[PDB]
Amino acid sequence: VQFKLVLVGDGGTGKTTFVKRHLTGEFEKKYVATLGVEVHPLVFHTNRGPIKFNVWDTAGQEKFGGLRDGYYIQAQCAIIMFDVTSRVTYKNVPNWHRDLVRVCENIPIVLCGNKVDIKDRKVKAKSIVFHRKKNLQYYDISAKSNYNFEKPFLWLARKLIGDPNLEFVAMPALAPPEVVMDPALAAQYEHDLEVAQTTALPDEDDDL
Amino acid sequence: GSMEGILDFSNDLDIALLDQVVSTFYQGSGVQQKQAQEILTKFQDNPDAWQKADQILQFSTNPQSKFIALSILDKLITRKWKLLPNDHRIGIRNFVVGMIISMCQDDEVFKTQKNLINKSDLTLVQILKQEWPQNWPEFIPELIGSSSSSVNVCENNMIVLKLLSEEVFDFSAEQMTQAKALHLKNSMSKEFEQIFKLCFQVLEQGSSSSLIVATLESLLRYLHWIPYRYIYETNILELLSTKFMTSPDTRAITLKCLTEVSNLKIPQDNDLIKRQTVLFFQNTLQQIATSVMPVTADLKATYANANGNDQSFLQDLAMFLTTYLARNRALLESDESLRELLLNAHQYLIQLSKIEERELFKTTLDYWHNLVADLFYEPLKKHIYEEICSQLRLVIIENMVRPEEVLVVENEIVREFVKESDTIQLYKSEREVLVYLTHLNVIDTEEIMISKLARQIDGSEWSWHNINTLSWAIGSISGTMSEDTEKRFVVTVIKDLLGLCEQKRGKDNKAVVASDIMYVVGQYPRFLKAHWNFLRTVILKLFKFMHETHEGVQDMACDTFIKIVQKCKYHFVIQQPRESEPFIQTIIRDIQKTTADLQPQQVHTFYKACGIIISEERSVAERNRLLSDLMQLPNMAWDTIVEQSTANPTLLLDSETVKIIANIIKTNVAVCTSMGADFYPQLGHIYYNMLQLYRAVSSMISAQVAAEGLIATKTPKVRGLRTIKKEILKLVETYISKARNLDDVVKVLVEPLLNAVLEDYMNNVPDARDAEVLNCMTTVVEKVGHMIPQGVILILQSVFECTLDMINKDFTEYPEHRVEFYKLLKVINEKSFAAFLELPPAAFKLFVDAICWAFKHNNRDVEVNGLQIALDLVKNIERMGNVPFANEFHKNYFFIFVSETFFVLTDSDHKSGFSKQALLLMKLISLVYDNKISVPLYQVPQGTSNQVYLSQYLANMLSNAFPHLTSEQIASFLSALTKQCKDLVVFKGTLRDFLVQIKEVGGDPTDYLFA
Amino acid sequence: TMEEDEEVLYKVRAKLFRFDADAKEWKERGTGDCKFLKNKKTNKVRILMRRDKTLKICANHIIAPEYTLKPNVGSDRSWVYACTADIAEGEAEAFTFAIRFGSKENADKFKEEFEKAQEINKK
Ligand SMILES: Nc1nc2c(ncn2[C@@H]2O[C@H](COP(=O)(O)OP(=O)(O)NP(=O)(O)O)[C@@H](O)[C@H]2O)c(=O)[nH]1
Ligand SMILES: NC(=O)[C@@H](Cn1cnc(-c2cc(C(F)(F)F)cc(C(F)(F)F)c2)n1)c1cncnc1
Ligand SMILES: [Mg+2]
């Protein structure tokens, strides 16, 4: 039960950061432009079973676009991403959408305005209307604060499985093993731990 | 493995190997997929890969391989077409056309290879953009003719026409020059009469749904631009509004077509076109009522069930009804025979408005706002919609979203974490419509709300949801009733809300009803101002909630307190009848008791609200005495902490002492924020010792960095010491930005401030410099910069070069210093430009470097200020007239700014600043073409006008930077650009035309004659 | 769900990090409720932590008695400690974890409960 998901949008809108947050839980502060596409499997546990997304995280920068719309072939859903602090990225939403639906003529698509955590918002809520005539779902999201970060996948899973009451469910938690530390390298995890002890945790001013 | 073999072009291309790489990429996974992806990208990017395109389309068995082959042709067609020899151009055309014909006539390929045919159609459209109609004026006739030979060809011709219409009318603005866009638009317009014939015939004929849907899909595009007569002077509206609404295969696209038809503004004087606009709406609503759903249907449930395409149809219906009615409902409001149609359409909207779908609700709510605003002004209209509006009052009251102020939520009634701004705008919109609806019938609104309330008391409809949505609605209509009706109304609501608190007495219960009462009372200040006895009770009750163990109620009580104070402050400074003292006196006297259980941030909000009250007292003597009374606790803690810090200056090692100091300063910041210029007496009380403390904590930070390393800046101890410095800077910045006595600022504050902050900033290591120093200095320069010329120089010397060195190695490090840096240079450039004139020539060059460095940022904060500094600098220099410094400025830097501006204009990485970049370039060019540079810009024959040299310089610059341009393109471009340097709009269009042309070969130089 | 045979000895909101020794940086692993679960049958206490909205497991391992909570140089409200067998991502991997809380009082209470659990597992 796996579905191909293509993720598109201007460079710097947070596509790769968003996927990575869902893959590992991390928040990557650095901007390393995606080169062509990166494919990652992503599974969610639902009350209707596991659903697996094959996430094709494509490049937004033109000079790194690779196969461009060639990535969209046989996609079964998509996310279009823009940045609410960059008006130009919303103005390009119709261009990404055009190139996407010319290949994928009838798929569920979510429009996501990312980076709502930033105080100085530029793409006002009231001006975000492109989705209405195109039957896209829309969400404000923040990969940095996790605001609505699950809603694009929850909606897509509901449309793909065909069950509007589908919900995410807690994965079962197997008993963890009882392993004793290794005395052969016990004198070694003094080093790996010292390094970790003296490397400051990020974002110490956050509520958590 | 050996997948890379296909990247070698010495031999012939192994098609089977290619297909394996493609399948490995699409159908594979893991490392093989990743490697195949890189290989395919390299293959696609090879400037000769297009020569392999036709043999991939001939001999390949993989449709994806052929897709990638067409992407290779597309790149060639859109960027390098006119560099091909003419024979290669006809070969590519003939091959693409033949492949399309071949795929259509094979009924099996036409069914299963839809993507590959769509991609080929698009590729053909790219050839049309280059070749049609000047080198192919029979394409449309042959396309029309060939539509009869086959049904598959006729259907695919509609796809091609759809894509052509999109490329010419919908997506040409950014992709073509003005001249070429106009050429293709006129070319389609000239041949549309024939296209419409084929389209209308197919629709009337009526083969099967496949060809009909494709024809309607193309019609949807045409409606964006075609003349009105093709829609109203034919029978096509009857077909759209009847025939094609019945079959669900064509209903979706037809509704989108009728929505586009609706949105035009009709010739508002012809009765026939009006009757036709009425008729297709009447037909459409009848087809919905009989074939889809009657007006009574439960659209909320249908949407929730989400069968088939129901959700998309209901969305499209909402768009159709709102679009048409906003434009044309007046056509239905006078003729009594149309009243049912009008109200039925609005009844469908009422039903659509009950769907659970935020974005769809916003679409309908937008329409309701349009309606009620019109009924608020237009004579004799609101009675038509009485029953509609009554139903709408219920819909909005029962679906109010949680306002910002309500900090309690269920997940178990707990406390908010985040700011729901997707919900902020929604609430504002719901409030706007509900306020209008209340004005339209205040009796009906009160009766709905009071009755709903009466059924909460009874527990007949009690629930979190029902009391909450009702309470928020009640709060949101504040101001719609007359003071007298509001009086009686609020009394009733409060009385009934109090009774409800006693009844639902759990801890979650009491927190829900407490938040609702706080919201309501906070929303009716006019009522509070007139009932002092009640106001006093409310405030005392909020003070009691400040000791609530429930953190949500407690936090909300502090916010409601300051929210009420902002509106009712005057009633806290005067002595009320029956009162022994102004209530501000009572608040201050018990402030330690009231705030004892509050977190520090909440204590500061309390103090800030007291500052709002105190600033209402205009007797200076009495105000200052209130100020010193309010600050009694922090000033005593301050006096203690500074006597114990001067003697043995080591007690600041104590983390508990550092926390105490920061909270004292934060309290001063809070009170200064609300009192502004009135804060000065309190600031004077601590100012000297506060700057001494600034110096002492600075020495501690430096000492810790030296003893522990840079990592010390991450420690809780050093972060707490820097908080002290940042808050001190914030306090001084806050006061100076509101100060009304600038003489005291200059003579008392500025000099000790600069002595305390500048050298410390300059002589700390980069990771220990506080970007708040820059922010503070920006406010100093902004407010008194004109009075401290030598202090501005001192600011530059201390922060300019060392900050520049922090931010001129990449675009990412020290992001806050970056932003504050250019805000500081900006204000200095516009208010104390003389400080840059005294700079040494080497430092003024760093200044120019710094400005151009800002240009190249993508961070909008830095980029915008960089472009503004450049423009203000040019103005500053122009204002000096013909003097040595201005003349040396142009000689040294004019062409640096022109070339740096051109670079960011053309590199495709700084699109967001186009407007400001164009403005800067137009200014620079206009300087030369107004002979406002009184010195030759060159080092070329003598007597040459600067205009001639600028054209030579720019032609050579563009020739070397864009060598694929012809000399004539560059010359035409510059000619148009220089002639237009007084007309920003046309100038910008010419720059946009240039940015198109540099992306292809063979651009027509006459395109620059468009204006 | 595989947790109803267990009692909740302690629950606190936290943010969990994992040290990427190669990149020399901490990386967030998840934010949510950190629970101490005592198995009713074996009396063995474990840490179980789930992400807020996806409810995905980001920590699952015994609170071994050989572990020791250490401070991080940048925080007075976090603990660092080495874990040898965590099955949140499937195969029992070894991790250097850091867990941060909303306040120093939460971090201290966590250490108290973490050490009590170690005694219980010492049986
Ligand atoms: N403040 C904030 N920053 C975010 C957020 N999401 C992503 N970013 C930041 O945006 C920048 C771009 O990161 P990235 O995820 O790679 O964007 P992208 O669209 O995948 N780039 P490309 O399309 O070129 O491959 C990063 O610095 C990242 O930290 C967010 O939600 N909030
Ligand atoms: N009987 C009560 O006081 C109940 C009901 N109740 C709750 N809040 C109030 C309540 C709340 C306010 C407030 F807006 F300021 F917050 C004002 C008043 C009033 F009118 F007395 F001026 C009463 N009354 C209670 C429930 N939960 C916490 N505290 C009290
Ligand atoms: Mg990316």
# chains A, B, ... in the order shown; residues from 1 in each chain; ligands from 1

$ residues_near_ligand --ligand "ligand 2" --cutoff "10 Å" --atoms "only C-alpha atoms and all ligand atoms" --output "JSON, numbers by chain"
{"B": [491, 494, 495, 497, 498, 499, 500, 501, 502, 503, 504, 505, 506, 507, 508, 509, 510, 511, 512, 513, 514, 515, 516, 517, 518, 519, 520, 521, 522, 533, 534, 535, 536, 537, 538, 539, 540, 541, 542, 543, 544, 545, 546, 548, 549, 550, 553, 554, 556, 557, 558, 560, 561, 564]}

$ residues_near_ligand --ligand "ligand 1" --cutoff "8 Å" --atoms "only C-alpha atoms and all ligand atoms" --output "PyMOL selection string"
chain A and resi 8-19+27-35+57-61+64+81+114-118+141-146

$ closest_atom_pairs --of "chain B" --to "chain C" --cutoff "10 Å" --atoms "only C-alpha atoms" --output "Markdown table"
| residue | atom | partner | partner_atom | distance |
| --- | --- | --- | --- | --- |
| B:711 | CA | C:73 | CA | 8.1 |
| B:712 | CA | C:74 | CA | 8.3 |
| B:713 | CA | C:74 | CA | 8.5 |
| B:714 | CA | C:74 | CA | 4.9 |
| B:715 | CA | C:74 | CA | 4.5 |
| B:716 | CA | C:75 | CA | 5.9 |
| B:717 | CA | C:74 | CA | 9.2 |
| B:718 | CA | C:74 | CA | 9.8 |
| B:719 | CA | C:74 | CA | 9.1 |

$ interface_residues --of "chain A" --to "chain C" --cutoff "10 Å" --atoms "only C-alpha atoms" --output "PyMOL selection string"
chain A and resi 21-28+44-46+146+148-151+153-154+167-182+189-190+192-208

$ residues_around --residues "residue A:121" --least-positions-apart "6" --cutoff "10 Å" --atoms "only C-alpha atoms" --output "compact mmCIF listing (two decimals) with N, CA and C atoms, in the first residue's frame"
# COMPACT_ATOMS: atom_id res chain seq x y z
N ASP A 83 6.53 29.86 0.41
CA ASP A 83 7.07 30.44 1.63
C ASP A 83 6.30 31.72 1.92
N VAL A 84 5.57 31.76 3.04
CA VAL A 84 4.74 32.93 3.32
C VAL A 84 5.54 34.19 3.61
N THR A 85 6.86 34.10 3.69
CA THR A 85 7.72 35.27 3.85
C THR A 85 8.34 35.70 2.53
N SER A 86 7.93 35.08 1.42
CA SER A 86 8.48 35.39 0.10
C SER A 86 7.34 35.40 -0.91
N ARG A 87 6.84 36.60 -1.23
CA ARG A 87 5.71 36.72 -2.15
C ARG A 87 6.01 36.08 -3.49
N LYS A 115 6.66 28.24 6.80
CA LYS A 115 7.41 29.28 7.52
C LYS A 115 6.48 30.30 8.17

$ closest_residue --among "A:39, A:77, A:155, A:52" --to "chain B" --atoms "only C-alpha atoms"
A:39

$ select_by_dssp --residues "stretch 92-163 of chain A" --states "strand (DSSP E or B)" --output "list in words"
residues 109, 110, 111, 112, 113, 114, 137, 138, 139 and 140 of chain A
